[PDB]
Amino acid sequence: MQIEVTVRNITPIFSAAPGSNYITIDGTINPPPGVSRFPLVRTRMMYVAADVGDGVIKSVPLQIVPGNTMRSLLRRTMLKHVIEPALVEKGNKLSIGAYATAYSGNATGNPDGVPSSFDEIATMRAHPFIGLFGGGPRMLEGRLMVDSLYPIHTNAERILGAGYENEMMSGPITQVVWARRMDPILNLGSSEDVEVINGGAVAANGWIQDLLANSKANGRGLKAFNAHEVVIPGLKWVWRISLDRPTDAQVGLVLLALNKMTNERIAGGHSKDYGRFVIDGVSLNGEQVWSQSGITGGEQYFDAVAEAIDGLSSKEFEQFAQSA
Amino acid sequence: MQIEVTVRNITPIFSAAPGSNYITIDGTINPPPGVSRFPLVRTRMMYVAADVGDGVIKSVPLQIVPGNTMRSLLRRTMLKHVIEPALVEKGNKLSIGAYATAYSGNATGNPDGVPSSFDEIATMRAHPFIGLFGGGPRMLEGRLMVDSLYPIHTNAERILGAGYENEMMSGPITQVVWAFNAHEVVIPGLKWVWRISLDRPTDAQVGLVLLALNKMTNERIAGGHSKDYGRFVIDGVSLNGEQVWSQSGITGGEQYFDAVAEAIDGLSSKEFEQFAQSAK
Amino acid sequence: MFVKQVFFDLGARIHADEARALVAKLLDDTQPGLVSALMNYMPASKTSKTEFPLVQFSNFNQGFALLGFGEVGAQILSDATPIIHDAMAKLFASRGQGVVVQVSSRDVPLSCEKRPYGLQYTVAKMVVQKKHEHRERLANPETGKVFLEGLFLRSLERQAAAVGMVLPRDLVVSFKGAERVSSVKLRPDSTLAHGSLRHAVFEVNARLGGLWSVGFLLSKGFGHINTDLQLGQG
C-alpha cells in the first residue's frame, strides 16, 4: 500500500543537519580559517544522483526533511490526537515502558535477545499502532515505511519517475537566516527599568563588569551571533508512506493522523515557527483523496480505524513493551 | 490558536540583513567593478517559491522582518507592557538572571545538559509567559510560535493564498534611502501578515499574546530608533480564522482576557526564579 | 597593530577633558598606579610622558570613551575598565536614585597603503598653535601652510612609530582649509588659551584605515577621528 502526501510549506523548513559548519558575512559556507567564521547549522541535506547535463548523472545536493524525523512525527500526531484520546475515553493506563515504547519503539536501550512468539507477532502486527511502528524489547517489524521529504526539484527528477513532472524548481532552495543574541542588561538603559531587579542598579552594573572582564579575556556569557541555513518556504514537497500488507485499520490510522497533519511542524526550530505546511494532495495507491476538509475518500479505512479505536486497550501496549 | 494579524507600516522598515554589500547608484545595486563604491546595508530579504512566469515556480527574492526579531518584539512588548507593570508591585522583584532569562532566552550561555524534572516543565509551560517563551538553562520548549512578517505580496502568494485574493502587491518593494553609504529599505505603506501560533495553550498564554498585540502599536518593528523607522498600525487581527479587531483594539475573546487578568494578578517571582536558576 | 575603544555611558554627556579630570579625582585616594597607567604619568613623578600617549580619552554622545593604542595600551584599558566602571557606579549611586552605566568595546586594526590619487580627510577640534613662533607662522598663509603640512605628516609618522608599524615615507599631504578658528583652555578659568582649527580638511594620497590622531594635546581628546568611518562616506 503506497501513499504520496504532496505538501506546500508555509513557513521555512529547518531540520538541522549535524556538523559544525561555518559561514562568513556573505556566503562562503565553511571558509578557510582566519576570515572570522560564524557557527552555522545547515538544514538536512540528502545527496542524490541527478541528470545534470545530457548523459551525465552526478551526486548533487538536495535539502530534505528526514524520513526518520517524519516517521516519528506521524507516530507522534497518531498518538497524541487519536491513541491518547482513546486511552483517556476508556480510562486505559499505560506504563512508563508502554508509553516510551509507543512513542520511541523501545522501553530501554537494551533490546531483548529472544524473538517474540508468533501469536504475539500476529496480534501486534494486526494491531494498527504496533503494526505501523514495531520495535520493543523483542524488536518487532513494523508495516510502515516512511520515506524522506523531497521537494519537487530538478535534483529529484530521478526520484519522481511517476507523476510530479511539472511544478519543478530549477534554482537553489535554501536561504541563510541569521539570528543574533542580545544581552538585555546591556540594552536596558534606565534605572526605572532596574527598579524591578532586586539589588538595584549596582547588581546589573556588576554583571556588566563580569561581561567586560570576559570581553578583555571559558564560561560563555551572552550576545552570540549565529546563522542557520533554511529551506525556503512555499515550495512543494512529496512524502512517501509505504505499507507492508496492511490491515485496513492501520491505513485508517495513517489517514486519521494525516488529516490533522497541518497542526504540526515538519521541522526543527520550534520557536521560529519553522515547519508550518499545508497538504496539497494525498493519493492512496495513486488515487487522489485530499480536500480542504481533510481526506475525502477511503471510507473503509476510516470505518476500520473506527472499529479498531473501540476495544483498543492498554494491554497491547503493555505486553509488547514488557521485556522477557 | 493560529493567531494571525495584518500590520501596515507607515514608515520604512529596515531589518538590516548581514552582508558586505556596496552600491553605486539606482541603476546598479551591486557593481561588478570597484568604481565609486558606497557601502550598502540590505534589510531582510527572504527567498520564496512563487509563480513567476505564469505557470512555473521559481525562487523569488522577498523582503521580511525575521520571526526571531518579532519573537523578541512580542517578548519585550508583553514583558515591558504587561509582565513588568503587573510585576513591579507586591514586591516579587526579579533576579538579574531571571531578567536576562526573561528578555533573552537564557541568563548565560553554555546551558546545562541536565534536563529538568517534569513538574518543572508542567508548571513552566502552564505559566502565561514562561511557557510561551521557552528555554532557560534546562532548555524548555516554548509553546508560543512566532512567524516572519510577510508583506502581502504576489511573490509570497503561495504562502498566504487562501484569505487574500485582493490587496496583492506587485512591482518594486524596496527603495534605497541614502542618508555616502546608502541603506536599501522597504517602502512605507505596506500591508503585512504576521502568524502567531500556539500548541496546547492555557487561555492566559493566548490572553498574554492578545494583551501584547493590543500594545504592539507602541514599539517599533525592525526600525532604527535614530531614524524613527518601523512605525506601524494594526488592523485585522483574526483569532482562529475569525475577525477580532477594531480601531479601539480587540473587542472580543473576553475569556482569554479574563483568564490572563486573573493570571496577571497571580503572577509570582518564584516561578521566574525556578525558570532561571542553572541547576548545574 | 590594533587600537581598542571602550565606551562609557553615564546617562548624560560629559566632555573628554572634564572626564579626564573626573577620572583623576575619583581614584586619586586609592589605586594611584592604575591612574599613572591611564594618564601616561612618569613611573616616579606626577608629570606626564613626553612621548606619544598610548591611552587617550575621547568624546562619547552619552559620556566618555577611552582609546588604547598598541598591545600595551589595550592591556591598560583591559586592566583599567572594571575598577573605573565601579567608581562611576558608586559615584552615581551615591546621589539621586542612581543610574546604570553601559559600555561597549571594539578592537579596530590600523592600516595604510599608498595610492596614486589624493583623498579627502577632515578633522574637527585639532589644536595647532603652542608657541609664539607658531603664532608667527599662522599670520601668513604661505608659511602657515607648510607648517600644517609638516605637523600633519609628523603626527602620522609619530603615531606609526608608536604603534609599531611601518609607514611609507613617500606620502604627500595637502591642506585645503578650515571652517572655524577657536581657542582651547587647558584648565577652566585660566587666562592662557591655545589656538585651534575647526573642521580642517587635509588631502593625502595614501589611505588610512584605523584611528589616526593628529596634532597636539591628543590625550585631552583633540584631533582624532576614525578614518574608517569617513572612508567612502559623505
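Residues numbered from 1 in each chain as written, not as in the entry; some residues may be left out. Chains lettered and ligands numbered in written order. Part of a larger assembly, values for the part shown. Heavy atoms only, no water.

S.K.: So, the overall build of chain A: which residues are in play, and what are the values?
M.R.: From N to C terminus, chain A includes nine helices and 14 strands. The burial tally for chain A puts 49% of its 324 residues in the buried class. For chain A, the exposed area adds up to about 14600 Å²; of that, 51% sits on carbon and sulfur atoms. Looking at chain A, you have 28 positive and 32 negative side-chain charges, and the mean spots of the two groups are 6 Å apart. (Helix = DSSP H or I, 4+ residues; strand = E, 2+ residues; numbered from the N terminus. Buried < 20%, exposed > 50% of the residue type's maximum accessible area, 1.4 Å probe, protein only. Areas by Shrake-Rupley, 256 points an atom, 1.4 Å probe, with all protein chains shown as cover. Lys, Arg positive; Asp, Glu negative; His and termini not counted. Charge placed at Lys NZ, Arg CZ, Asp CG, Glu CD.)

S.K.: Any details on the overall build of chain C? Residues and values, ideally.
M.R.: Of regular secondary structure, chain C possesses six helices and 14 strands. Rg of the C-alpha trace for chain C: 18 Å, near the compact-globule value of 17 Å for 234 residues, within the 12% margin. For chain C, the spread of C-alpha atoms along the three principal axes comes to 55 × 40 × 40 Å. Within the span of chain C, comprising 234 residues, buried residues form 44% of the whole. A sequence separation of at least 24 residues applies to 69% of the contacts in chain C between residues at least 6 apart. Total accessible area computed for chain C in this model is approximately 12300 Å², and 55% of it derives from carbon and sulfur atoms. Across chain C, the centroid of the 27 positively charged side chains sits 4 Å from that of the 21 negatively charged ones. (Rg over C-alpha atoms; globule rule 2.2 N^0.38 Å. Contact = heavy atoms within 4.5 Å.)

S.K.: Outline the interface of chain B and chain A, supporting the account with residue identities and numerical values.
M.R.: Taken together, the contact pairs 45 residues of chain B with 45 residues of chain A. Where chain B abuts chain A, roughly 3800 Å² becomes buried across the two surfaces, and 57% of that area is made up of carbon and sulfur atoms. Where chain B packs against chain A, one counts one salt bridge. With a closest N to O distance of 3.5 Å, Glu264 of chain A and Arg200 of chain B form a salt bridge. Between the two partners, chain B and chain A, sit 17 residue pairs in polar contact. Taken together, the elements giving at least two residues each to the side of chain B that touches chain A come down to strand 4 (48-51), strand 5 (57-60), helix 1 (67-88), helix 2 (96-103), strand 6 (144-146) and strand 10 (190-198) of chain B. (Buried area = accessible area lost by both parts, 1.4 Å probe. Salt bridge = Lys/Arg side-chain N within 4 Å of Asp/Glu carboxyl O. Polar contact = N/O pair within 3.5 Å; in protein donor to acceptor, adjacent residues only side chain to side chain.)

S.K.: Could you give me a rundown of the side chain of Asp9 of chain C, with the residues and numbers involved?
M.R.: Residues and elements named next belong to chain C. By the element assignment, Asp9 lies in strand 1 (residues 2-9). A polar side-chain atom of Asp9 sits 2.7 Å from the main-chain amide nitrogen of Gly11. With sequence-adjacent residues up to four places away left out, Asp9 is seen in contact with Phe60, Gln62, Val100, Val101 and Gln102.

S.K.: Please provide a residue-by-residue account of the pattern of salt bridges, values included.
M.R.: Residue and element names in this part refer to chain B. Under the defined criterion, the tally for this structure stands at 14 salt bridges over all chains. Salt-bridge contacts for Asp235 lead to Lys191; the nearest nitrogen and oxygen are separated by 2.5 Å. Of this pair, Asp235 sits in strand 11 (residues 232-239) while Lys191 is found in strand 10, placing the two residues 44 residues apart along the sequence. Relative accessible area serves as the criterion here: at 31%, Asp235 is assigned to the partly exposed category.

S.K.: Which residues make up the environment of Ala100 of chain B, and what are the values?
M.R.: With respect to the helices and strands, the residue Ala100 of chain B is situated in helix 2. C-alpha separation for the pair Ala100 of chain B and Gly136 of chain B, spaced 36 residues apart in sequence, amounts to 9.5 Å.

S.K.: If you had to explain the packing of aromatic side chains to someone new, which residues and values would you point to?
M.R.: Residue and element names in this part refer to chain A. Evaluated as defined, the whole model comprises 15 aromatic pairs over all chains. Taken together, a centroid distance of 5.9 Å and an interplanar angle of 80 degrees make the contact between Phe38 and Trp178 edge-to-face. Taken as a pair, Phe38 in strand 3 (residues 38-41) and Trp178 in strand 8 (residues 174-180) lie far apart in primary sequence, 140 residues in all. Measuring from ring centre to ring centre gives 5.1 Å for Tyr99 and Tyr103, while their planes differ by 90 degrees; the resulting arrangement is edge-to-face. (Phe/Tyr/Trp six-rings, centres within 6.5 Å; stacked < 30°, edge-to-face > 60°.)

S.K.: Explain the environment of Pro168 of chain C residue by residue, including any values.
M.R.: Tracing the chain through its elements places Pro168 of chain C in the loop between helix 5 (141-163) and strand 8 (173-177). Owing to a relative accessible area of 30%, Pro168 of chain C belongs among the partly exposed residues under this scheme.

S.K.: How would you summarise the packing of helix 1 of chain B against helix 2 of chain B if you had to cite specific residues and measurements?
M.R.: All names here are of chain B. For the pair helix 1 and helix 2, interaxial distance at closest approach is 9 Å and the crossing angle is 135 degrees. The orientation of helix 1 with respect to helix 2, classified from their angle, is oblique. Within the contact between the two elements, helix 1 uses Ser72, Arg75, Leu79 and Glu84 and helix 2 uses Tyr99, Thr101, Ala102 and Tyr103. Taken together, the residues that form the contact of helix 1 with helix 2 break down as four nonpolar, two polar and two charged. (Axes fitted to C-alpha atoms, helices over the stretch in contact; angles between N-to-C directions. Parallel < 35°, antiparallel > 145°, perpendicular 65-115°, else oblique. Nonpolar A, V, L, I, M, F, W, Y, C, P; charged D, E, K, R; others polar.)

S.K.: Which residues make up the sheet that holds strand 3 (residues 63-69) of chain C, and what values go with them?
M.R.: Residues and elements named next belong to chain C. Pairing within the open sheet is antiparallel, and its four strands lie in the order 2-3-1-4. With one partner strand each, in any of the chains shown, strand 2 (55-60) and strand 4 (102-109) form the two edges of the open sheet. Neighbour-to-neighbour, the strand axes of this sheet turn through a mean angle of 20 degrees, independent of strand direction. For strand 1 and strand 4, the ladder comprises eight bridges, and the chain directions are antiparallel. Bridge pairing in strand 4 places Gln5 opposite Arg106. Across the sheet, helix 1 (residues 16-26) touches strand 2 and strand 3, and the angle it forms with strand 2 is around 125 degrees. (Pairing = 2+ DSSP bridges.)

S.K.: How would you sum up the packing of helix 4 (residues 132-139) of chain C against helix 5 of chain C? Please name residues and give values.
M.R.: Residue and element names in this part refer to chain C. Between helix 4 and helix 5, the shortest axis-to-axis distance is 5 Å and the interhelical angle comes to 120 degrees. It follows that helix 4 is oblique to helix 5 by the angle criterion. Residues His134, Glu136, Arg137, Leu138 and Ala139 of helix 4 touch helix 5, and the partners they reach there are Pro141, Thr143, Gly144 and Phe147.

S.K.: Just give me the short version of the side chain of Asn106 of chain B, but keep the residues and values in it.
M.R.: Relative to the helices and strands, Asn106 of chain B resides in the loop between helix 2 and helix 3 (118-124). On the basis of relative accessibility, which here comes to 10%, the residue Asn106 of chain B falls in the buried class. Side-chain polar atoms of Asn106 of chain B contact the backbone oxygen of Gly136 of chain B, separated by 3.1 Å. Not counting chain neighbours up to four residues away, the residues in contact with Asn106 of chain B comprise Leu222 of chain A together with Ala100, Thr101, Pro111, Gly135, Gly136 and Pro137 of chain B.

S.K.: Give me the lowdown on the pairing of strand 5 (residues 56-63) of chain A, citing residues and values where you can.
M.R.: Residues and elements named next belong to chain A. Two elements, strand 4 (residues 45-53) and strand 5, share eight bridges in a ladder whose sense is antiparallel. Counterpart to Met46 in the pairing with strand 5 is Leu62. Linking strand 4 to strand 5, which pair antiparallel, is a turn of two residues; within it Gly55 sits at a positive phi near 90 degrees.

S.K.: I'd like a rundown of the sheet that holds strand 11 (residues 200-204) of chain C, residues and numbers included.
M.R.: Residues and elements named next belong to chain C. The antiparallel open sheet is built from three strands, whose spatial order is 6-11-8. On the outer flanks of this sheet lie strand 6 (119-123) and strand 8, each paired with one strand and no other. Sheet twist, expressed as the average angle between the axes of neighbouring strands with direction ignored, equals 30 degrees. Pairing geometry for strand 8 and strand 11, over four bridges, is antiparallel. What sits directly across from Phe175, in strand 11, is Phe202. With respect to the sheet, helix 5 is in contact with strand 8 and strand 11, its orientation differing from that of strand 8 by roughly 125 degrees.

S.K.: Could you give an account of the environment of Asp203 of chain B, with specific residues and numbers?
M.R.: Residues and elements named next belong to chain B. Inspection of the secondary structure puts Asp203 in helix 4 (residues 203-214). Separated by 54 residues in sequence, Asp203 and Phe257 place their C-alpha atoms 8.2 Å apart. Residues in contact with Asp203, not counting those within four places in the same chain, are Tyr256 and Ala259.

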